[PDB]
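Chemist: Just dropping in an experimental structure and the matching sequence.
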Amino acid sequence: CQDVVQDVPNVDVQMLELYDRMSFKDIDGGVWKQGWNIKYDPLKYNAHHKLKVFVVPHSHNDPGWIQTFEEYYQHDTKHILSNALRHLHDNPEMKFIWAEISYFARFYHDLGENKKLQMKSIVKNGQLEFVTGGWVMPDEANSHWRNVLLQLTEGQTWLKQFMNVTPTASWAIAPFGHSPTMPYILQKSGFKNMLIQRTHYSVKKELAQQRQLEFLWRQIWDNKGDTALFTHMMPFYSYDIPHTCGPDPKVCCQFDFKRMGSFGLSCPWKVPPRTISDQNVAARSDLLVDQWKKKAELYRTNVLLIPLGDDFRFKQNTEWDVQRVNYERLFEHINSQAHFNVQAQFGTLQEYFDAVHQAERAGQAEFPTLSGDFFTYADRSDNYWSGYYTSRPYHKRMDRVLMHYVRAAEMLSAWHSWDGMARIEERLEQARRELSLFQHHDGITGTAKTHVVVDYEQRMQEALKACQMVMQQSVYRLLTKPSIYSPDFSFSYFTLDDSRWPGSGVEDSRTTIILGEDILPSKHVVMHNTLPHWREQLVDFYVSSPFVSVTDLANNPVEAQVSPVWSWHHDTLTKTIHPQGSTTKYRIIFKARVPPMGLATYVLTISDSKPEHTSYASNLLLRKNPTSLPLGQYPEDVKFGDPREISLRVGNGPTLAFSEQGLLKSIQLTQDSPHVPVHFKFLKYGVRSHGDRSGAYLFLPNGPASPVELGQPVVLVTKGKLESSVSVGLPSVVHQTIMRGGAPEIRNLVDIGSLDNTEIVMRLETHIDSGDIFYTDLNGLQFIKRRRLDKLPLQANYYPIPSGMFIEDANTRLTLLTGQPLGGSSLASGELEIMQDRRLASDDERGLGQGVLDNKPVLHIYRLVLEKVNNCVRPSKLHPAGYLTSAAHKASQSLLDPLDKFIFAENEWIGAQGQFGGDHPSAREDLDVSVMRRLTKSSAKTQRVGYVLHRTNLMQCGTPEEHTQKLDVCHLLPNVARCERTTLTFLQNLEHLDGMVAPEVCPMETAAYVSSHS
Ligand SMILES: *[C@@H]1O[C@H](CO)[C@@H](O)[C@H](O)[C@H]1NC(C)=O
Ligand SMILES: OC[C@H]1O[C@H](O)[C@@H](O)[C@@H](O)[C@@H]1O
Ligand SMILES: [Zn+2]
């Protein structure tokens, strides 16, 4: 395996280094506003060296943005595709590329067989070419890599089945900045080329000056270069026609033949297009070829890419005609006039790349190597697109919940073959497709209109229900004696219990386990562990009595803690935010121990009085002017006091100290170690009263954040043997620190209410000497080094925090792991901050046509890990990556893939079993089975199961780290007949594996395997 820690890759362009050197001056470059006046040597091209130009027609179709997916399909996309089919069929030299398979699948399935065949023919003959072939064109900032892969697989699996093609070139013209997670996944999914567009204007200028817009993009840790993927970055401000023919949009706009008037479009630069005729073609061609030759100066080969399209283009027949006929006249003239030395034609993206690489192999070009990312994007001036790292955070959190439920549903149901009547494949496809749709660059990004966000939410809610149905049917089958198992595929044998979604204070959604002498003495519950190692985790359930004890299915008592159910209320009468306790519902908490990729059953039983193995938390309400807080049968009376500093310790874990406002002030790791200052604070950013306003996309703060005025908040302290917590009702946030014996969990119930033009940030202040360095993750896959740059404005120093961030010095590191993607930064040495929500009254001029005023309460979850790192083997100071410790990685897994909890619905479970998966291998902690998916329906003689295995890289810090078993996924199911390594989408077999044994992957590698079973 490659060493991903100790060898700093030698690349031509390393983006962090480039950022350190660049001046980012925003000067008027002339007609190319953010570039310079491009000059070329007319004698560069001649009879023996011509400029090859590929004009590539396209239509950018958003699966939801200002209309819903279905609205756009009905109004626009179905017409675009129907007219594409017609106009391509009738014009054999015309070409068209298509990206969004969600739309294409919708269209194709509605076609009559005659048209289906015509469509297959124009694909087979290369007129219509699929680019990327994902369900969507995903966001790259907020998306988890698992969901990027999911949506890619959904689209490509559809394309293989119905169109018999698998794209090897990717087209990403629209996401707001670009992540190296994309080439990572694409290169492991058969791709050979990719195209990107939305990079900072200063980066485009810098790379253009060096002809480094085409590069071999490798991962930041990759010393050898095996991850490299050829990447083309477009040079100009937009992907529209005015910014794709050449540097001067006043000229290029004249070659968008949709802008002459009858289509309701015009040219902002005030020179309209004119129909190409015999009397103007020479003059028109002269202007156009001049633009092309200028664009060609920015690249290294004699092959030029000219995209020809815009949003929802090629909709009307008249539009197809006007673009095609005018370009055909230009091509006929240009190609016939030797003095131009140009050969121009309609082409596809693959044709462009094939020609570039032909030129490369002819020796006319060498391409530079590059590592790094392309965040944070700015399209002009100080307009940095860091707002969408946080916008619509409820749905950002929902994404992560559904991510896990899809994984769990696919894994749980993969163990068996299911009859068609069970509707398992149907529900899983629904769930995969809704989650995939939300990866769209207007979905998870929070940049869609309110009614579109509602549509995405409804879709995801349906997906969650689908997942629950599949999971609970699977649990019942896996844990019932086979000769007793008698499924009703419509019945709910179990109800999922999720303690953190939608969450306490967000939705009263969870079922109370109702026990009683005169109703039901006991209840079975089941935990699922999707991770491939034995796992313990505290789990909680609501119960109707405090006198409940827990046993495993061997009837061994399990230590439990009962706590009250506390609900926070904004008291409109007293004008205070304070907790109310239930007098009929209680929380029972215990440690579940669950096999790798397995299930464990426990029983909750009521008694008349305090059970031997159940303890009761104490509760202390700190406030002036307290009132009583009765708790029914709960055996310990609530205590009251004036606000005061408090300290808590659970188990042998850290000791945490809190301010009188209920906010963390210090962490002490061991009994005789220092009390390390770690201070939580909440602050607010505002919006500018003059100039550009923040909106869904842009973060344009009116200076550094100002502290939230806290008043004298009510603090609730719960102290238990298994779990303790401090909760405080702050303005807009119920902030909770929970301790279970390791790194604390933080939960914020964020309700920004009617606070217009406000962004609420949570900041951590420490004494870590981090300087200007911090680390943030990319797509939950890798951690990249960031450097705060005071030469850039505040909003430029904000980065996506899709799963975590950290700061460190020689001795100490603080890592904050997240259960949802949000924006964040380190704006001063020793600080971390992460945005919670934003409510913005104005539009930010990027097309949305609304602010963000549809906020709703959201429960954000985190883990906070303070560690000594003086003994850790870390990368050198020049390495662009960072890596988590074991503790931080496990903390991230606790947030993203917690145990699933199932409550048996009926009174008695006949044939119940205690465990599933006790014989599954318990793999090394850095390995995950990211995907387990049965690939075949029940009628297939040879069953196939696909696995995606990911190995992260964890820091070596002197812990022996012992006793784990080799995980061979190909032997997880019996009767293996073949094991194959495949692309990550499962669509191509790459290796036939000796002995049917799937080897474990290297650090930072992801591999896919398919086992076949007789
Ligand atoms: C699918 O495409 C391959 C070439 O990539 C071709 O050989 C094969 O016949 C096609 N399969 C069918 C029948 O669709
Ligand atoms: O300005 C951002 C905006 O650009 C275009 O209009 C669309 O493709 C949207 O997907 C995107 O949100
Ligand atoms: Zn778009």
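Modeler: Happy to help now that I have it. Residues are numbered from 1 along each chain as shown. Ligands and ions are numbered 1, 2, ... in the order given.

Chemist: CA only for contacts and neighbour counts going forward, please
Modeler: OK.

Chemist: what residues are up against residue 943?
Modeler: 934, 935, 936, 937, 1012, 1013, 1014 (Cα atoms under 8 Å, 6 or more residues apart in numbering).

Chemist: And for residue 737?
Modeler: 664, 725, 726, 727, 744, 745, 746, 747.

Chemist: Quick one: buried ones out of the contacts of residue 943?
Modeler: Neighbour-count burial (16 or more other Cα atoms under 10 Å) applied to the contacts of residue 943 gives 934, 935, 936, 937, 1012, 1013.

Chemist: Of the residues you listed, just say which sits nearest to residue 465.
Modeler: Lowest distance from residue 465 to the buried ones among the contacts of residue 943 (Cα to Cα) belongs to residue 934, with 20.1 Å.

Chemist: Verify the contact between the closest one and residue 944 for me.
Modeler: Yes. Proximity of residue 934 to residue 944 meets the contact threshold set by Cα atoms under 8 Å, at 6.0 Å.

Chemist: one step back: so can I have JSON lines of the buried ones among the contacts of residue 943 showing distance to residue 279 and secondary structure?
Modeler: Formatted as JSON lines, those follow (distance: Cα to Cα, whole Å; DSSP: H, G, I helix; E, B strand; the rest coil):
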{"residue": "934", "distance to residue 279": "64", "secondary structure": "strand"}
{"residue": "935", "distance to residue 279": "61", "secondary structure": "coil"}
{"residue": "936", "distance to residue 279": "62", "secondary structure": "coil"}
{"residue": "937", "distance to residue 279": "64", "secondary structure": "coil"}
{"residue": "1012", "distance to residue 279": "67", "secondary structure": "strand"}
{"residue": "1013", "distance to residue 279": "70", "secondary structure": "strand"}
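
Chemist: Turn these into TSV, including distance to ligand 2.
Modeler: Below are the buried ones among the contacts of residue 943 laid out as TSV (distance: Cα to the nearest ligand atom, whole Å):
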residue	distance to ligand 2
934	34
935	32
936	35
937	36
1012	41
1013	43
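
Chemist: Got the domain ranges for the chain?
Modeler: Using curated CATH domains, the domain parsing of the chain gives 1-381, 382-492, 493-617+898-919, 618-897, 920-1014.

Chemist: Get me the contact residues on the chain for ligand 2.
Modeler: 62, 174, 442, 846, 847 (Cα under 6 Å from any ligand atom).

Chemist: quick one: which of these has the most company?
Modeler: If you count neighbours using other Cα atoms under 10 Å, the busiest of those is residue 442, which has 27 neighbours.

Chemist: List the contacts of stretch 593-600.
Modeler: 475, 526-537, 592, 914-918, 920-922.

Chemist: Give the PyMOL command for selecting the buried subset of these.
Modeler: In PyMOL, a selection of the buried entries from the contacts of stretch 593-600 looks like this (16+ other Cα under 10 Å):
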select buried, resi 475+526+527+528+529+530+531+532+533+534+535+537+592+914+915+916+917+920+921+922
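
Chemist: biggest strand in this structure by residues?
Modeler: Determined from DSSP state E, the single longest strand within the chain is strand 576-594.

Chemist: Name the strands paired with that strand and say parallel or antiparallel.
Modeler: strand 535-543 (antiparallel), strand 560-571 (antiparallel) (DSSP bridges).

Chemist: The first one: how far from the chain's middle?
Modeler: Pointing back at strand 535-543 there. 27 Å (Cα atoms, centre = their mean, to the nearest Å).

Chemist: that older thread, quick check: angle from the helix or strand that the longest strand of the chain is followed by to strand 535-543?
Modeler: Note on strand 576-594: by DSSP states H and E, the next helix or strand toward the C-terminus is strand 598-606. Strand 598-606 runs at 40 degrees relative to strand 535-543, counting by axes from the mean of the first three to the mean of the last three Cα atoms, to 10 degrees.
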